[PDB]
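Let me begin by presenting the structure, written as structure tokens, before commenting on it.
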Amino acid sequence: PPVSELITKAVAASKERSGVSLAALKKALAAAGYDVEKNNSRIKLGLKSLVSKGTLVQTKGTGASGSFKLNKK
DNA sequence: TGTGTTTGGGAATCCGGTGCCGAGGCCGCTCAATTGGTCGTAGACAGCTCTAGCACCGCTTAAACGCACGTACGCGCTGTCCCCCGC
């Protein structure tokens with residue numbers, strides 16, 4: 001399954017008012033058996049694609065270093 | 001979500017009493033500083049030599065300088081996780 005679903009599912013499972021950090025996303029995907037080490041660069045890209053698709057709102061920071069929430073709009 | 005100000009409250013500080021022991025003074029003594037004198041020599045001074053430090057010049061080339069260009073490291077920001085702190 002593509003990493004955009006795994007990320008969206010992790011952000012939905014950890015839904016809050018702040019927003020899953022990249023470190024929490026790493027932890028959730030690793031707990032989901034996804035190798036976050038080798039494919040970290042893929043994650044940053046896929047995450048960026050999800051922000052560029054507007055599917056994730058950046059709530060703090062800039063780019064992948066930030067916190068993110070599912071764009072309910 | 002943020003922050004100027006509030007206010008009871010522990011913690012450091014000030015003040016007065018007090019008492020106690022060491023610092024300051026006094027005395028008797030002694031031994032080390034002082035006086036005077038002799039004598040030896042350490043070094044102050046003159047004087048002489050020669051070396052090695054300074055100033056200069058010219059030439060070559062290697063290093064320093066300025067500049068273009070790119071990337072990688074420093075630094076700021078965010079997050080988390082845990083391990084020292086206060087009690």
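No value in this document is a laboratory result; all are computed from the given coordinates. Note that each Cβ is placed from the backbone with ideal geometry, even for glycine, and that neighbours are counted across all protein chains shown.
Collect residues whose amide H, placed 1.01 Å from N in the peptide plane, falls under 5 Å from the amide H of A:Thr59; neighbours closer than 5 in sequence don't count.
The list, which skips near neighbours in sequence, is A:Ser67, A:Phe68, A:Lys69.
Counting other Cβ atoms within 10 Å, which trypsin sites (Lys or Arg not before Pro) in the stretch A:24-68 have at most 11 and lie in a DSSP loop?
Those that pass, being in a loop and sparsely packed, are A:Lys38, A:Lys53.
List the GluC sites (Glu not before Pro) within the stretch A:1-46 that fall in a DSSP loop (any state other than H, G, I, E or B) and whose Cβ has at most 11 other Cβ atoms within 10 Å.
Here the sparse-neighbourhood loop sites are A:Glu16, A:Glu37.
Given contacts defined as C-alpha pairs under 8 Å and at least six residues apart, what's the relative contact order of chain A, whole-number percent?
With pairs under 8 Å counted, the relative contact order is 36 percent.
Just to check I understand the Karplus step: with θ = phi - 60° and J = 6.51 cos²θ - 1.76 cosθ + 1.60, what whole-Hz values come out for the stretch A:39-50, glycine and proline as x?
Taking θ as phi minus 60°, the curve returns 9, 3, 5, 5, 4, 4, 5, x, 4, 4, 4, 5 Hz for the stretch A:39-50.
Given 37 °C and 0.692 mPa s, how large is the Stokes-Einstein diffusion coefficient of chain A in µm²/s, with Rh as the Kirkwood radius over Cα pairs?
Estimated diffusion coefficient is 276 µm²/s.
Which entries in the list A:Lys38/A:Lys72; A:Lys48/A:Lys73; A:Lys15/A:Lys53 go over 25 Å, if you measure between the two C-alpha atoms of each?
A:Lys38/A:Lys72, as the Cα separations exceed 25 Å there.
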